[PDB]
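A single chain, nothing else alongside it, follows as structure tokens in the form deposited in one PDB entry.
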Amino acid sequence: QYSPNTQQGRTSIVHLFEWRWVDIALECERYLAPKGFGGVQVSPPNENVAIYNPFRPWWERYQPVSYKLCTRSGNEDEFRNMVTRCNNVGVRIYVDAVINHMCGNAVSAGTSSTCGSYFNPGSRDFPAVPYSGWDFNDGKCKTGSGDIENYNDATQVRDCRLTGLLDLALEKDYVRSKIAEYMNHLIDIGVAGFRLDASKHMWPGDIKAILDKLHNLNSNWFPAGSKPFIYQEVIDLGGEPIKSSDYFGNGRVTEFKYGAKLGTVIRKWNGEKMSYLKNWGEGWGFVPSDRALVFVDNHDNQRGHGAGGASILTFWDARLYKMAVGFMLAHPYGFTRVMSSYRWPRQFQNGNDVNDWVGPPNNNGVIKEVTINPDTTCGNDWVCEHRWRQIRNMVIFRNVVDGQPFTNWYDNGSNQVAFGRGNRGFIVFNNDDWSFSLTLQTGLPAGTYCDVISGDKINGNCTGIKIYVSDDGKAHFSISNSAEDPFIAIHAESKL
């Protein structure tokens, strides 16, 4: 469960948040495969509640109605087409599995679902699965409200309703089997792994019992014995009885401390400095690298809906964001996930975004297709951070330096640092309020390298900054604090 199952050489996954299956399929062939992306995390593919108040919020997809592959992203045919086309070009698909709960207990009964399936939260009836009152934790939960009230009580966190979401009785074989049926359906279609949503709200043992029922990956694409990649969504920032390490026996875990701390460092909050990143990784109290799924921001916390808090960097903070993502992609710690979002009318009131519920770009509820601009950017309000030169080129940087050790670290005791990856790559950052100009040891072979942040390597030439490495591996770097991107990155595949 710990291996991503990506093609050899591809080291990252991208979250194509709320994208339609047909658009992801095309993206796999026209950009992800050629650019070396390892895979795609897709939004929940199972039928969810259609919420009209507010109008089709993104979070409606985290309120299951059934396991039918029928959503605003598409139907089963479209989903299968996407998984097949992506796998055929060496790009994997990871499913956001919402298996801890069904929809909110107060949601109105009826057919307001993405596939028209009938459901009655009040009577705990979900005939399309089917689930009944016997399949929920109503009688197991000991809180007065029936919802989670205290995170200091590890039991209620798992047996009670997360903000009212009907909590499935994961200890029952029937429920475990229905969930396994859904996940095996996806694995047989070709999915390479899963993000287990709300894993903190599930007992480690229950998750294991479910994972024990899963199939090996489809043998038409994967070698015999391949196990689905499992990364559990556990928000553990410390100070709680439940720890992310409690889930290591099931697969990897999302390390939310990563983006929270990186954000505070790059923002220079509380006096934090980039020079402190020298021992980045386990030294900062993070989970072991081989159990970490890292990211700068996710679909939740990029809109103040998750951990990390206000320190989280997002596309809204483009300049600092690119630097944070660049550092993450260059550093060897963990398995990296890049975020791809959509723009929404952010409206802050008293420090809170009143429009943080807004769903994907749409026309009368129908998700807009992803249009590509002549400059390779996206239209229809899709941000497509993964297409930003500074991010895409760093995704490739990580591939090129895969396996190389963290070395040749340098820092000015403030916010100017640099480091290399063996003899395959080198990166320099200037996050201080003054310019940077110094000759550093890159550990790279002599030659002329193209900076992949300010430009690209095209036909034996660089479109941006050029770096000259001497016979001793030394090279001069100049970065103004006024530069569009205050960091430079060069690697073996950017050499002239």
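When you see a residue number, it is the position in the sequence shown, counting from 1. For clarity, a rigid core is taken as the largest C-alpha set superposing within 1.5 Å between two forms.
The discussion below concerns the form deposited in another entry, not included here.
The only C-alpha among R303, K178, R387, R424 that moves by 2 Å or more between this form and the one not shown, given a superposition on the rigid core, is that of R303.
Comparing the forms between this form and the one not shown on their rigid core, the Cα displacement of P54 reaches 2 Å or more. Fitting the two forms on the rigid core leaves the C-alpha of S226 displaced by under 2 angstroms between this form and the one not shown. With the core held fixed between this form and the one not shown, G249 has its Cα displaced by under 2 Å.
Relative to this form, in that other deposited form the C-alpha atoms of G304 and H15 separate from one another by 3 angstroms or more.
Distance between the C-alpha atoms of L162 and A307: shorter in that other deposited form than here (change of 3 Å or more).
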